[PDB]
Each structure stands twice: as C-alpha cells, then as structure tokens.
Amino acid sequence: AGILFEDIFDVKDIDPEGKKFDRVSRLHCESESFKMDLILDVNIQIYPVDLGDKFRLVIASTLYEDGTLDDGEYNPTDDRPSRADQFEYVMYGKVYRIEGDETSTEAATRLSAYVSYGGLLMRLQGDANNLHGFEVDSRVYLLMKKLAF
Amino acid sequence: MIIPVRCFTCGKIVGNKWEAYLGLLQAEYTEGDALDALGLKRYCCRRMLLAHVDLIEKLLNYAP
Amino acid sequence: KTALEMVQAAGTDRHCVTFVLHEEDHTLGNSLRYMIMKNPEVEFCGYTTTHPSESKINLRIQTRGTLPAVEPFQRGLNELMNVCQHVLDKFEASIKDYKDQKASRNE
Amino acid sequence: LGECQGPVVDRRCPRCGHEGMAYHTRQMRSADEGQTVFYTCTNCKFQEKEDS
Amino acid sequence: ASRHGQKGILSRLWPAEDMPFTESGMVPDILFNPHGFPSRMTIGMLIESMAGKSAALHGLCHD
Ligand SMILES: [Zn+2]
Ligand SMILES: [Zn+2]
C-alpha cells in the first residue's frame, strides 16, 4: 500500500473566514483516530458536503494498490481493476509546503502539510509521526468517501 | 434616403414594407401594432422601419 | 492546387502532425475536433485558425499508442460524414411526415 | 487687523503601508480620455498618481 | 462615435457567422468593449442602450 495518510474526519465548520468562492467550499474539520485538523477545499457542485458529515480520507502516492509504481501520466482509455477508487471524490495535486513549530530541533510534534490540488488548497496539520511521506513537490492523490452514521 | 432593401443586422427583406406601413399608419394603427402585423418581430427589423426618415419625398421637390 | 498540408514534429515523428486545412474555418474544424476527440487513441486534438485574415485552420492531432495521425483524421472525417448522412435522412423523413399531416388532415 | 487633504479611500500606501490614502481627482488629459487621481497618504504624506 | 462622446476606430470587419448570436436570433451590429467605460464613466450609453432597445420593441420614441 502506498497510503501516505488515512483517517476519519468530521466537519465542524464551513468557510469561517468568509471568502465564498464559487463552486468551491472550504471545509474545516477535526479528526477521530488521530489528533489532527483539516482545512480542505472541495468542489461543491459535484460532491456536496454539509457541516456534520463524516467522511474517510486517504492521501496516497499511487492509485495502483498492487505495488507502488507512480506512473504520472493520465490515461482515460486504460482502466485497471487495481485502482484505489472505492472512494467517491478523487483529486490530484502536489505538496508545496510543510512547516512546523521546531525550536532548534528536527520535526517537532505539530507539523503541517500544504497540498495544492490545481488551485484548491489543503492544510493537514498534526503530529509529525503521521506526516512522514510528505516531501515538498511530491504529487499525491486525495481520496474521500462520505460515511453515514 | 430611401428604405434599405435588407435589414442591416439580419438580412430580412424590409425594403418592401414601406408603403404597406404608411398605409397602416394612415389607417389608424399604433406603431407597436403596425410592425408586428407586418411580420417584423426582432428589434433589429423593427428598428429599420420605425426610425426611418424617408428623405426622398423631400429631395424630389428640387426636380427639373 | 492542393488543399491539405501535413507538418510533422521533427521530420521523423508521425504521431504528432499538424494538419493545415486550406479554405476552412470553425465550421469544419470544430466538428472534426468533436469527432476525433471521441477516439481513445488521441492524447490531444485541438484546432486554431492561423490568423483571421487568412483562410486555413491548423489541426493538431496527437496520437498515443503507436498510430499515425492520418487514421484518427480519416476516421473522424468518415465518422462525421456518417453523422451528416443520418441527420439528412431523419430530417428528410420528418419534413415528409409533416407535409403528410398538413395535407392529409382535412384536405 | 493684525482639508485633512481631502476625502479618504482604503488604499495601501507604497512606503509605510497605511491602509487609507486621501485622494484628489483632476482631469489632466484631453476630453478624449480619462481622469487622473492623485493619492496622498495620511501618515507619511506620499503622493502617487494614476491615469483613470 | 456615439452621442456620449466615445470614439471608436473600426478595427476588424468580423464575418457574420462568427458573431455571438443571441437567444432571439439576432447577431449584433457593432461590438463595443467593456473597457471603454470605467475611465470614461458614460452611464448615458447604458441608459441609451436600454432605452433604444425598449423603444425599438414598442414603437415608441423615448424622452
Ligand atoms: Zn433584422
Ligand atoms: Zn503612507
């Protein structure tokens, strides 16, 4: 598995800063199995999210779940049955900053991850033990799917 | 000077609707009903016949 | 006197070729672009008019998976002819079914 | 015997970064085009112009 | 020009099939740039446009 991150989130607030871009909602979240926050932009025409909706989140490096291969090129005419698309909303973009509150130490216990999915941003702040595979200019996938309970 | 054969915007023959528009305004129609009843439905066609100063009945007075 | 030129990528690459279609405009090159993009052996099909004072279109057809770009171009031409012949047939068969109800209703 | 330099507009100054500058309009080109707006800050008194 | 002091120069005679036709069937006749307005502030060309459109649609002449 090339799963760089996997957790269950719960939306607590939608666009608190009040910028309101068209077709795009900002979703502040908190986690359940980790101690993390999440500030994600979605597309709200296609995959609508309201406040109070739990959904699983997976950031992976490759979509081929049979071995880490990391092709890069998008082929619509080829479909393999080993994609990680059992989820519903799939984005793609590269990590552009990671930052933390180090005080003359390495990889302090509150590390961030700034992913730019073609324009839609993301901030996944949390422990440094949960954000190992984020290197700068690493092209990661986003995979989410709405839970209902 | 004289009515154009075609409307400028879309090429509808409006050049045959000048005498049968004076004939409707002499027979007591309003101009909002003398243009619909000639079959001019778009406001580029109506424009050509509503706002037309037929300046050849004033220019033929100076005739040999 | 001919009205199609083909301009290769490097004189050797035959996947990318930019077809220069003389005496056309966005009437054909927007509907060719619609048909060739329905071919899954095409990475990229787009068109541009060279300059509006001129009378030709550039048509970039860029094929993946080892095909020359003459085959998606020919398939997209025949596959537009086979749209227009069928549109012509269902249009000449609904004008006729309209004249055969305007006439044979009360007359 | 013996203006606060005009009305303010929320525009960030180039030098000191104050949020509000005072402006004055004046029509310096021909009648074919334009106005001309002269901004003037409150704190550092900096004056730049724009041509519309 | 117009009657609101807004000169244009004729730049390109655009063929009619390329014009943006409307939902009523109409092509336009002159295309005017939205970047001639904010430095010139001719609100009067907007009201004249609404006014002449509504006068050509009713047989009226508007004051
Ligand atoms: Zn017309
Ligand atoms: Zn200042």
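Beta bridges assigned by DSSP with both partners in the range A:88-149 are antiparallel in approximately 95 percent of cases.
Projected label points at D:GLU50 and C:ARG60, each 7 Å from Cα along the beta carbon direction, are separated by 3.7 nanometres.
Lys and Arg at +1, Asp and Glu at -1: add these up for the other residues within a Cβ distance under 15 Å of B:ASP36 and post the number. Present the calculation step by step, with values, prior to reporting the outcome.
Values: positive: B:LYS12, B:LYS17, B:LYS41, B:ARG42, B:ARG46, B:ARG47; negative: B:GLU31, B:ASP33.
Cβ neighbours under 15 Å give a net charge of +4.
Restricting chain B to GluC sites (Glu not before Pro) that sit in a DSSP loop and have at most 12 other Cβ atoms within 10 Å of their own Cβ leaves B:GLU28, B:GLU57. A Cβ-based charge dipole, computed about the Cα centre of the range A:5-149 with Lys and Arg at +1 and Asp and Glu at -1, lands at about 400 debye. For the range C:5-58, the list of trypsin sites (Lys or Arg not before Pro) that fall in a loop by DSSP and count at most 14 other C-beta atoms within 10 angstrom reads C:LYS38. Other residues whose C-beta falls under 12 angstrom from the C-beta of C:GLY29 contribute a net charge of 0, scoring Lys and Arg +1 and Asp and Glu -1.
Just from its helices, what would the mean residue ellipticity at 222 nm be for chain B, if runs of 4 or more DSSP H residues each count -39500 (n - 2.57) and the sum is divided by every residue, rounded to the nearest 500 deg cm²/dmol? All intermediate terms of the calculation are to be shown ahead of the outcome.
Working: 2 runs with 14 residues, N = 64.
Only helices count here, giving -5500 deg cm²/dmol.
Residues whose amide H comes within less than 5 Å of that of A:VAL24, counting only those at least five positions distant or on another chain, are A:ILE44 (H built at 1.01 Å from N in the peptide plane). Averaged over the residues of B:44-55, the number of partner chain Cβ atoms lying within 10 Å of the residue Cβ comes to 3. For A:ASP41, the residues whose amide H sits under 5 Å from its own are A:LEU27, A:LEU121, ignoring neighbours fewer than 5 places away on the same chain, with H placed 1.01 Å from N.
With a Förster radius of 45 Å, plug the Cβ-Cβ distance of E:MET19 and A:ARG83 into 1/(1 + (r/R0)^6) and report the FRET value to the nearest 0.05.
Details: r = 46 Å, r/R0 = 1.02.
Efficiency, rounded to the nearest 0.05: 0.45.
Placing unit charges on each Cβ (+1 for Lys and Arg, -1 for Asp and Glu) gives the range A:5-149 a dipole about its Cα centre, and among A:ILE44, A:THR68, A:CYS29 the Cα reaching farthest toward its positive end belongs to A:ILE44. Here the range A:1-58 is assigned +1 on the Cβ of each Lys and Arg and -1 on the Cβ of each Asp and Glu. Its dipole about the Cα centre then comes out at about 140 debye. Among the chymotrypsin sites (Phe, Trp or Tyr not before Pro) in the range A:25-74, those placed in a DSSP loop whose Cβ has at most 11 other Cβ atoms within 10 Å are A:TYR74. Among the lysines of chain C, pairs at least eight places apart or on separate chains and with Cα atoms under 25 Å apart come to 5. Every helix of 4 or more DSSP H residues in chain C counts as -39500 (n - 2.57), and over all residues that averages to -11000 deg cm²/dmol at 222 nm.
Dividing the convex hull volume of the alpha-carbon atoms in the range A:5-149 by its residue count gives 134 Å³ per residue.
May I ask you to derive the FRET efficiency for C:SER104 and C:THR50 from their Cβ-Cβ distance with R0 = 56 Å, giving the value to the nearest 0.05?
Values: r = 53 Å, r/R0 = 0.95.
With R0 = 56 Å, the Cβ-Cβ based efficiency is 0.60.
In summary, chain B shows an alpha-carbon radius of gyration equal to 1.17 times the 2.2 N^0.38 Å reference for compact globular proteins.
Each value in this text was obtained by applying a stated rule to the coordinates, not by laboratory testing. Here Cβ is always computed from backbone atoms with ideal geometry, including for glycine, and neighbour counts include all displayed protein chains.
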